[PDB]
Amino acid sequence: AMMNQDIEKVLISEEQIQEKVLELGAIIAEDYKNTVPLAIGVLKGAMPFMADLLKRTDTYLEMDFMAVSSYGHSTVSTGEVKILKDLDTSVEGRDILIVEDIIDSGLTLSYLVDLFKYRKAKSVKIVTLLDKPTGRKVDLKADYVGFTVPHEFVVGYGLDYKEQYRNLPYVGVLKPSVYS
């Protein structure tokens, strides 16, 4: 059994992903040409996009990562999450760029954004591969967006179903029998 056999439809092809990442990287490269920002990804979903985005971003930058976990309901309410791994370097006075795979409710990411401002970040911006604005549970707008999607039930290029499918080179929708 092969993975493509579980995909009902490719919603965004690899070619489309590659073209958009080239575009976003040039845009971000120009916006931060002056000062080296701290590019941060939240594990695990953001990893593939961050890697390709940053490699298409011709400007000095530092990479870092955080890992967090849910606290149950305060996470599904305020976005507060337990920090499992904090950044390797200080946030104060740095220009932060959060690299995300998808923004739906926006809760956890909003929490992290305002955490970085509490930590006195010079600025905080977000670049997300996919955005789902109809999902918002807080007011949070991404500064850079690859693709605006109608729903979050997709897999690939970082997105998983039961921890699998993150490795697909495109973004697709699963066949119903896979999850039901």
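All residue numbers are counted from 1 along the displayed sequence.
Of the two segments, 72 to 80 and 86 to 94, the one listed with the higher mean B-factor is 72 to 80 (C-alpha atoms only). For the set 53, 127, 36, 130, the PDB entry assigns the largest Cα B-factor to 36. Per the deposited record, the Cα B-factor of residue 166 falls in the lowest third when ranked against the other modelled residues of its chain. When the modelled residues of the chain are ordered by C-alpha B-factor, residue 58 sits in the middle third. Among the modelled residues of its chain, residue 17 has a C-alpha B-factor that falls in the highest third according to the deposited record. Sorting the modelled residues of the chain by their CA temperature factor places residue 11 in the highest third. Per-chain ranking of the deposited C-alpha B factor places residue 112 in the lowest third.
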